[PDB]
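Colleague: I'd like to ask some things about the structure below.
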Amino acid sequence: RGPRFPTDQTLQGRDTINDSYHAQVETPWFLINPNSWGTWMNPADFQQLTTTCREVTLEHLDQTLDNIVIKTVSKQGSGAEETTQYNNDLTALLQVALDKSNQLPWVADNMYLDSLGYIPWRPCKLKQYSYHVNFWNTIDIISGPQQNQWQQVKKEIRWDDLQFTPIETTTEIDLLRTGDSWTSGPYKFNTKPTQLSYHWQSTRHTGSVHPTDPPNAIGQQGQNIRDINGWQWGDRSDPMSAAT
Amino acid sequence: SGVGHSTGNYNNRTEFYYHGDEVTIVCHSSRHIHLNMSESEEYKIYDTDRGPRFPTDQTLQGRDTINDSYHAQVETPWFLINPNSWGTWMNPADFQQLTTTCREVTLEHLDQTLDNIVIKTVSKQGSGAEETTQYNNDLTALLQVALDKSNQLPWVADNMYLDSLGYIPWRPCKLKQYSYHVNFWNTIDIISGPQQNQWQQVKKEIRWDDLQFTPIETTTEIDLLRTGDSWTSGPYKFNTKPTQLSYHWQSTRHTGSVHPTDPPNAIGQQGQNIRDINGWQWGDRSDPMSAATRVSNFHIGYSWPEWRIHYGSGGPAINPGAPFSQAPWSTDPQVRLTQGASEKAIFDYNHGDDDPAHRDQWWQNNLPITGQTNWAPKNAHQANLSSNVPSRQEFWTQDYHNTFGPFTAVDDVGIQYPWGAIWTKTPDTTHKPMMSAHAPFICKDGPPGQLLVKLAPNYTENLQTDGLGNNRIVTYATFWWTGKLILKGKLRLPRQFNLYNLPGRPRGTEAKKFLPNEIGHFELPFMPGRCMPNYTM
Amino acid sequence: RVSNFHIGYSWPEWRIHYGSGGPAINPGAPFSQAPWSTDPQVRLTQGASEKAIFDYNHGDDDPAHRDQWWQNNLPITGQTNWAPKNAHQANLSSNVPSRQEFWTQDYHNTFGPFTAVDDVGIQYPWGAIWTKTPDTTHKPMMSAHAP
Amino acid sequence: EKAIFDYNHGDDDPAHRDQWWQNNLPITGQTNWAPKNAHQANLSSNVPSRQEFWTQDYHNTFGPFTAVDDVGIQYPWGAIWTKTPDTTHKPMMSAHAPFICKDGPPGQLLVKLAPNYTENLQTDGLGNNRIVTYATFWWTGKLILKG
Amino acid sequence: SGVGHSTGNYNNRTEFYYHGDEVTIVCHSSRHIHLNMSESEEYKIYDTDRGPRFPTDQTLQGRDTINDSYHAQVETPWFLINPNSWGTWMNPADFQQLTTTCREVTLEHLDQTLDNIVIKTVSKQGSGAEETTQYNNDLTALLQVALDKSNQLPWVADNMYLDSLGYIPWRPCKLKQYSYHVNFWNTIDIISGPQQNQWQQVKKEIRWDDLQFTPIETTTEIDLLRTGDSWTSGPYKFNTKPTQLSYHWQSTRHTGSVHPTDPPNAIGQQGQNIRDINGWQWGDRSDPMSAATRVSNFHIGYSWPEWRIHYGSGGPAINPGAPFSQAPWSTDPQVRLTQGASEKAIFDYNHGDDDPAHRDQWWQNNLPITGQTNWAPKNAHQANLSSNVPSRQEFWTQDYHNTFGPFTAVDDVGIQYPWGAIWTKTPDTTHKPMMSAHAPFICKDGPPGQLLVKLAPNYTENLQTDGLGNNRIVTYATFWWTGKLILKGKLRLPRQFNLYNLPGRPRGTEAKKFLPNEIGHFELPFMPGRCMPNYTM
């Protein structure tokens, strides 16, 4: 179920918001995704972006893999000495799958922050690809007399309706020796821009301004005009006000 | 062409055309229509009794008022032919072939004809104890046909009350009389009285001073057909968006990245959720990293005050909410949970009931669709989402709020094979609706057709004599309707390794139903039309 | 009867926003109260009615006095949904539910993907012709006043 | 939203995870706290009574008249793009990722290290099937932006 | 190209192409093959023990002799790669899409390659208590590949004993050693002894004076491959006739014109056969006109001495008879009726068993195929067919005769998805066989391929030293096999009004099987391959 999920009704179902229960299929594949800001830009270059740009779009993406190095560790000795030796296997393969057709479950976003590291000179370590299969976790927090009890209605993995897609049958896989490299080819986005500025106006800041005569000196406050001719909502006459 | 030449052939079958990803479905249909002399030759405007089961007393304190049939209508002396339904066009085997091999489908265009007009006049003979009837065909009698391609008439053509051409090809079809609403005020107050336990009729009337009455004659041009004549509608081209033929099982808990888990070691063990992980959350969340509080980009499904009764002007109505299955919350079978915006189809002998003078039922509860399922009572909200768990205060279990918003993704019901309507009229308003509660296809331009036929009157020797007499000669007609609408699908290919579970008859049903009986009585099977799982995202 | 769409929507009518910058008001959909009007004496504002004060140059006859109008949108009906009048049930079945399972006065927002609604339209003497489109993600669908 | 993060993702201390919790302080005027709001039966020159005034409803007031903003881009930890769920009525805007992909999202690149088996295969018997192996390779990419 | 460049990509998937009635199935497949140093480097000719369960005594009086494994073979030091099976080529979902949308299918042509050769040599280190092993790859070592396109070698490549590439794509495949029979005489007399209750070995020997021994080296040209090298077979084009993907339910009682019947009146009644009708019959038939004795043009199915044991030269064998279902005669489930020429498939972990070190079973009994069903004991014959009924004499119940003749129509088993062989060698004889008992496709010309690979030997410093030493260096290889065979199908369209019952998992099975486990173990489902009813005529 997860960490902090209730075993008892003392907190009467409010702990059930902590629920990690899921059913998954884990492939033996590792995911490379550059989906994050800061994989792409360092702080100074995001600042230059953010000051000089009113809004921004994604144009297109391109990515490669190269300089493959595959080694095999070989233990040596009696185990008290435990000498390890690192030999590179020149004929070993690294195999690369990219689905341009999006036939696989997508599951690639930063939630749990599985992404390439932000600072350029550290090594990055991949996380294993996996995706959900259908399951029923339904939990009743209204259960019991007085409706203070929580209960598991139906918790199961649904097998009769399930869909399992391997990487091998879905897409074509490239096999790479050491001297080989891989390029994805161009990918063109189509999306709408995002505003880089924030809006401070509510509906009280937006429209025409309530008639006010100005203050006379530095101490005084503006003075709202009592009788004005504008529109209102309900029957409003005497109380003309910017709220209504 | 003449009296002794048949004007058109009978073709009822569909054939499929597969090229690449495109699949073209051309489904022909032909019907033998029985037409009776119109009941009265004049337009009538009247209102109705309240209805069956409406309360006369406050014992049930207004809850019965959900049964309200009261309306005011104008009935024209015209009969409506509409082919708006699935199963007018396709038999079960050909809808199965559609549903297995197509990922999604559109309406391409529609065409329809009328021909082989036969008009007869019944003539009584004898003293009434013998009562010999004679059927003579009047070669010069007329059948008159109105089709509005301009949609100037009130539309009122959809399967609700299931006025549509019969589903099985070899039975005769019988038309229903065209009529439409006029404005009236039905408003009912269920809050009335002290303690607000009383229901009261606020204002129930037909509004005359503002009313609009449009006859068929002044609206459109009418074709008059003798026996040797035929009629063709000409082509009608749809413009609408496709409908998905697959159902989505993913909720927002199935959709995104998966909570980090280390695998189990052997066949008995369970996966183990990692305690300390670095992901995003919503409120202040640190120690309790959990898939429930994982931030996601979208949300799937929305809550609603399920079975909302509108009580607008014109009567109590019902505001649907989103379709979903109650199967996850189903528990015991005995009780029937309707709250998933389920629909129920009554139907008759010609519409796929086996027994004459009885009406079989179905009630699709949309069992395949899950992950869109939101039962309003089950939900909750908190004041703050933090590492701490709130108190008894700050937590509210039974609100029933509408949670539809800018972040939600939902599904329409889809096509419901035997009884479901194919298309619909788009109401002309600011902000047209986003999606339809029933009919899968919205017509961006006007909907097709709305074909109307009336049997022109045959008057006796003397006219407007009245005096406990009958004005005109008893007459009826039989003619043949043929039409084809073309569909464009997109080929469905396997997206998974394991076997799909392919379309077929409903689970509880056997195959002795759906097949003709010793008398020839059989039922058509319900087909989901959204038939297979697919990844939402 | 099942229908493909629904016309009009409920709202917590005369919602006061209390956002940053002050209490404001969140309109709801325009409709007539004439079906629920009953006696004339009482004035039912709940149809998202609007009132126009105006001055001599703007079409008042008397100088140094301000005439009023208050359009209540009497012609528009069938979009009319008074929130209190509505109800919801637990189940819709051949049986009629009990005193429990039936809730009369919720005041919920029933706007959704199935609803069709109308803007007020042009209001001749005092109504504004056009408006600025606020630049935000998801521009508004329709305007509460300007046509 | 709150972002936990690790050493490679911009935490300074190894074996510990720093936190942030963006509360979106700059964005105001969109601020609506549900409890603070209210609704009245009638809006008139008169002020309603204790009845007709309801303070704590918690209703959804999203409707055809509302304009709102997405969060925007959140630099270190925020995701750039997202998959559009294929459903009737695609969502209007995203709760987190600033960019929605109208067509399919890019990529989803997967790599596996092909297995190196020892002399004998499927021997089992408390043995290991394959040779211990690891790889290091270089990923390079460029995405272009238009501002 | 070189040491550090991969020679070919991994592609395992199938894609379908629909144009008109034609559907093109291109099914790619790719495997990772583990190859061990050949056991001995020389050709060996030897015979074997009789077998497991063969009788040493006459207690069961010869009936055990049906268990006979005795044979004489020549084992080459070569390993066989054959992709002859369904399920090497297709996963369950893609065989389902084939089987639903195709009426019949042919083999178009085959192509296959080998690449990414990796050869390593294991080197022991230490005293043997530590026993440190080291795996070094020999860059100059050779892997040698023989393919006979001329079919000069004994064919011996089919799934019986299921020597074939594994069905699921991501597991490694392990080859079996190539060998073939040499002539021997196994003849066994089960009639021996007084009272003929004794079994005796007549002559059991390997015949040397007439024998033919063909090595791989002198027969065909051999390619030698280093690491950077690859190998392609070139195209191979099949010529064979199609196989039906639908099953026939009609017997000769279902086939023809129907006996005259007047209909029933109501839902309870039975049809009523007309007493006096004018049709054809067989013998003198007049008063007893009956559908049993109706003359027909053909007969469907034939009797056989079911489970005939041949006892030819070379051993007891079994002569199949025609495939059919025992379901009509099934009665109680407990007893298992094998007589329909049923087949049983044992299989292993890589071939679709879930549990390692255990072998799951299937036993297809061909339940869908009926109307071809003839159980020999049930039949009878009479002296005369007349209006009279014969006596106790003239009627013979239990003959067991072969009734195959010029008038009979029969069906082959068809394709059996997971374990069934795709094609077969045509034996070259006068009068080639008419149809095959197992493999759906007969190769009119030579069958494809029969690809053989051996790992060339790595000898130590000293050669032919013997003296309780090992001659050569321990070595093994891993390489990648890829191939595609193309199919031509014919589109399947609905021939009926009612819903078909579409392909899917077997009836008794659930869907938790056929899906990966917590460990990753799963079974592939049996698919009938003749999946749907069709009118025989």
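Chain labels run A, B, ... following the order of the structure tokens; each chain numbers its residues from 1, and ligands are numbered from 1 in the order shown.
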Could I get the residues of chain A with an atom no further than 6 Å from an atom of chain D, each paired with its nearest atom pair and that distance in Å to one decimal, using only C-alpha atoms, sorted by chain and residue number, as CSV?

Modeller:
residue,atom,partner,partner_atom,distance
A:29,CA,D:112,CA,5.0
A:30,CA,D:111,CA,5.4
A:31,CA,D:110,CA,4.8
A:32,CA,D:109,CA,5.5
A:35,CA,D:79,CA,5.4
A:36,CA,D:79,CA,4.1
A:37,CA,D:75,CA,5.2
A:38,CA,D:76,CA,5.0
A:53,CA,D:147,CA,5.5
A:55,CA,D:147,CA,5.5
A:56,CA,D:147,CA,4.0
A:57,CA,D:146,CA,5.2
A:58,CA,D:145,CA,4.8
A:59,CA,D:145,CA,5.0
A:60,CA,D:143,CA,5.5
A:61,CA,D:143,CA,4.2
A:62,CA,D:141,CA,5.4
A:63,CA,D:141,CA,3.8
A:64,CA,D:140,CA,5.3
A:65,CA,D:139,CA,4.7
A:66,CA,D:138,CA,5.4
A:67,CA,D:137,CA,5.4
A:68,CA,D:137,CA,4.5
A:69,CA,D:136,CA,5.2
A:70,CA,D:135,CA,4.2
A:71,CA,D:134,CA,5.6
A:72,CA,D:133,CA,4.4
A:93,CA,D:114,CA,5.6
A:94,CA,D:113,CA,4.7
A:95,CA,D:112,CA,5.5
A:96,CA,D:111,CA,4.5
A:97,CA,D:110,CA,5.0
A:98,CA,D:109,CA,4.6
A:100,CA,D:107,CA,5.8
A:110,CA,D:79,CA,5.4
A:117,CA,D:8,CA,5.2
A:118,CA,D:9,CA,5.5
A:191,CA,D:101,CA,5.7
A:198,CA,D:27,CA,5.9
A:200,CA,D:28,CA,4.8
A:201,CA,D:29,CA,4.7
A:202,CA,D:29,CA,3.5
A:234,CA,D:43,CA,4.7
A:235,CA,D:44,CA,4.4
A:236,CA,D:45,CA,5.1

Colleague: Report as a list in words the set of chain D residues whose atoms approach chain E to within 9 Å, with distances computed over only C-alpha atoms.

Modeller: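 Matching residues, ligands excluded from the count: residues 116, 117, 118, 119, 120, 121 and 131 of chain D.
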
Colleague: Using only C-alpha atoms, which residues of chain C come within 6 Å of chain A, and what is the closest atom pair for each, with the distance in Å to one decimal? Give it as JSON lines, sorted by chain and residue number.

Modeller:
{"residue": "C:21", "atom": "CA", "partner": "A:204", "partner_atom": "CA", "distance": 5.6}
{"residue": "C:23", "atom": "CA", "partner": "A:243", "partner_atom": "CA", "distance": 5.6}
{"residue": "C:24", "atom": "CA", "partner": "A:243", "partner_atom": "CA", "distance": 4.6}
{"residue": "C:45", "atom": "CA", "partner": "A:234", "partner_atom": "CA", "distance": 5.6}
{"residue": "C:49", "atom": "CA", "partner": "A:234", "partner_atom": "CA", "distance": 5.8}
{"residue": "C:50", "atom": "CA", "partner": "A:233", "partner_atom": "CA", "distance": 4.3}
{"residue": "C:51", "atom": "CA", "partner": "A:232", "partner_atom": "CA", "distance": 5.2}
{"residue": "C:52", "atom": "CA", "partner": "A:231", "partner_atom": "CA", "distance": 4.5}
{"residue": "C:53", "atom": "CA", "partner": "A:229", "partner_atom": "CA", "distance": 4.6}
{"residue": "C:54", "atom": "CA", "partner": "A:229", "partner_atom": "CA", "distance": 4.6}

Colleague: Export, as a short mmCIF file (atom, residue, chain, number, x, y, z; two decimals), in the first residue's frame, the selected residues with C-alpha atoms.

Modeller:
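Result file out_16.cif:
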data_model
loop_
_atom_site.label_atom_id
_atom_site.label_comp_id
_atom_site.auth_asym_id
_atom_site.auth_seq_id
_atom_site.Cartn_x
_atom_site.Cartn_y
_atom_site.Cartn_z
CA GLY C 21 -8.15 43.90 -4.67
CA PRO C 23 -14.86 41.85 -2.91
CA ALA C 24 -16.12 41.34 -6.44
CA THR C 45 -32.80 39.74 -9.50
CA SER C 49 -29.91 40.93 -14.27
CA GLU C 50 -28.17 44.26 -14.79
CA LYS C 51 -29.20 47.80 -13.91
CA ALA C 52 -28.18 50.93 -15.79
CA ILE C 53 -28.09 54.26 -14.06
CA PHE C 54 -27.87 57.15 -16.49
#

Colleague: Report, in Å to a single decimal, how far apart CA of residue 315 (chain E) and CA of residue 193 (chain E) are.

Modeller: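 Computed distance, CA of residue 193 (chain E) to CA of residue 315 (chain E), equals 19.6 Å.
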
Colleague: I'd like the contact shell of residue 69 (chain E) - 8 Å cut-off, only C-alpha atoms, skipping same-chain residues fewer than 2 positions apart - returned as a list in words.

Modeller: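 What passes the distance filter is residues 49, 50, 51, 52, 67 and 71 of chain E.
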
Colleague: I need the residues from that last selection saved to file as a PDB file, in the first residue's frame (with C-alpha atoms), if you can.

Modeller:
ATOM      1  CA  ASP E  49      18.891 -48.366 -26.654  1.00  0.00           C
ATOM      2  CA  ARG E  50      15.349 -49.504 -27.323  1.00  0.00           C
ATOM      3  CA  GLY E  51      13.813 -46.769 -25.191  1.00  0.00           C
ATOM      4  CA  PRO E  52      11.981 -45.877 -21.971  1.00  0.00           C
ATOM      5  CA  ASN E  67       6.712 -47.422 -26.972  1.00  0.00           C
ATOM      6  CA  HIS E  71      16.829 -45.791 -34.110  1.00  0.00           C
TER       7      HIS E  71
END

Colleague: Nearest to residue 137 (chain C): which of A:216, A:15, A:141, A:197 is it, counting only C-alpha atoms?

Modeller: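 Smallest separation from residue 137 (chain C) among the options: A:197.
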
Colleague: Identify every residue of chain E that has at least one atom within 6 Å of any atom of chain A, counting only C-alpha atoms, and report the result as an mmCIF file with C-alpha atoms, in the first residue's frame.

Modeller:
data_model
loop_
_atom_site.group_PDB
_atom_site.id
_atom_site.type_symbol
_atom_site.label_atom_id
_atom_site.label_comp_id
_atom_site.auth_asym_id
_atom_site.auth_seq_id
_atom_site.Cartn_x
_atom_site.Cartn_y
_atom_site.Cartn_z
ATOM 1 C CA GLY E 4 33.753 -2.064 -33.388
ATOM 2 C CA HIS E 5 30.745 -1.734 -35.698
ATOM 3 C CA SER E 6 27.474 -3.590 -35.240
ATOM 4 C CA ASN E 9 19.789 -4.053 -36.176
ATOM 5 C CA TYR E 10 17.201 -5.894 -34.100
ATOM 6 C CA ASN E 11 13.722 -5.898 -35.627
ATOM 7 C CA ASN E 12 10.997 -8.154 -34.274
ATOM 8 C CA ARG E 13 7.506 -6.993 -35.186
ATOM 9 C CA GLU E 130 38.852 -20.217 -5.646
ATOM 10 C CA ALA E 511 -6.090 -14.295 -18.738
ATOM 11 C CA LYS E 512 -3.761 -14.301 -15.726
#

Colleague: Determine, counting only C-alpha atoms, which protein, DNA and RNA residues have an atom within 10 Å of an atom of residue 363 (chain E); residues of the same chain fewer than 5 positions away are not included. Present the result as a compact mmCIF listing (two decimals) with N, CA, C and O atoms, in the first residue's frame.

Modeller:
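File produced: out_11.txt:
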# COMPACT_ATOMS: atom_id res chain seq x y z
N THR E 338 -9.51 -39.65 -27.59
CA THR E 338 -8.41 -39.21 -28.42
C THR E 338 -8.62 -39.48 -29.90
O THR E 338 -7.87 -38.96 -30.72
N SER E 342 -6.29 -36.60 -32.69
CA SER E 342 -5.82 -35.49 -31.89
C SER E 342 -4.31 -35.53 -31.77
O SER E 342 -3.66 -36.55 -32.04
N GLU E 343 -3.74 -34.39 -31.41
CA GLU E 343 -2.31 -34.24 -31.24
C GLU E 343 -2.06 -33.59 -29.89
O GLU E 343 -2.90 -32.85 -29.38
N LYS E 344 -0.90 -33.87 -29.30
CA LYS E 344 -0.54 -33.27 -28.02
C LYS E 344 0.83 -32.64 -28.14
O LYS E 344 1.74 -33.25 -28.71
N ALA E 345 0.98 -31.44 -27.63
CA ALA E 345 2.23 -30.70 -27.71
C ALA E 345 2.81 -30.55 -26.32
O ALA E 345 2.25 -29.84 -25.48
N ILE E 346 3.92 -31.24 -26.06
CA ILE E 346 4.72 -30.89 -24.91
C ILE E 346 5.52 -29.64 -25.26
O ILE E 346 5.74 -29.32 -26.43
N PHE E 526 -2.75 -21.29 -26.78
CA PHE E 526 -3.02 -22.00 -28.02
C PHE E 526 -4.04 -21.24 -28.85
O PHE E 526 -5.08 -20.80 -28.35

Colleague: Using only C-alpha atoms for the distances, tell me which of E:295, E:274, E:413, E:491 is nearest to chain B.

Modeller: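 Of all the options, E:491 lies closest to chain B.
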
Colleague: Would you please extract all strand (DSSP E) residues from region 53-188 of chain A, as assigned by DSSP on the backbone, and give them as a PyMOL selection string?

Modeller: chain A and resi 55-76+83-88+94-98+127-132+135-136+139-140+151-152+156-157+173-176+182-183+187-188

Colleague: Residue 14 (chain A): which residues within 8 Å, counting only C-alpha atoms, same-chain residues fewer than 4 positions away excluded, as a PyMOL selection string?

Modeller: chain B and resi 389-390+395

Colleague: Suppose you want the space between CA of residue 144 (chain E) and CA of residue 123 (chain E); what is it in Å?

Modeller: 22.6 Å

Colleague: Could you write out as a list in words the residues of chain B within 6 Å of chain C, counting only C-alpha atoms?

Modeller: residues 307, 308, 309, 310, 311, 312, 313, 338, 429, 430, 432, 433, 434, 435, 436, 437 and 438 of chain B

Colleague: What's around residue 490 (chain E) at 6 Å? Count only C-alpha atoms, leave out sequence neighbours fewer than 5 positions away in its own chain, and write the answer as a PyMOL selection string.

Modeller: chain E and resi 21-23+102-104

Colleague: Please provide as a VMD selection string all residues within 6 Å of region 48-56 of chain D, with the sequence filter that same-chain residues fewer than 5 positions apart are discarded (counting only C-alpha atoms).

Modeller: chain D and resid 35 38 to 41
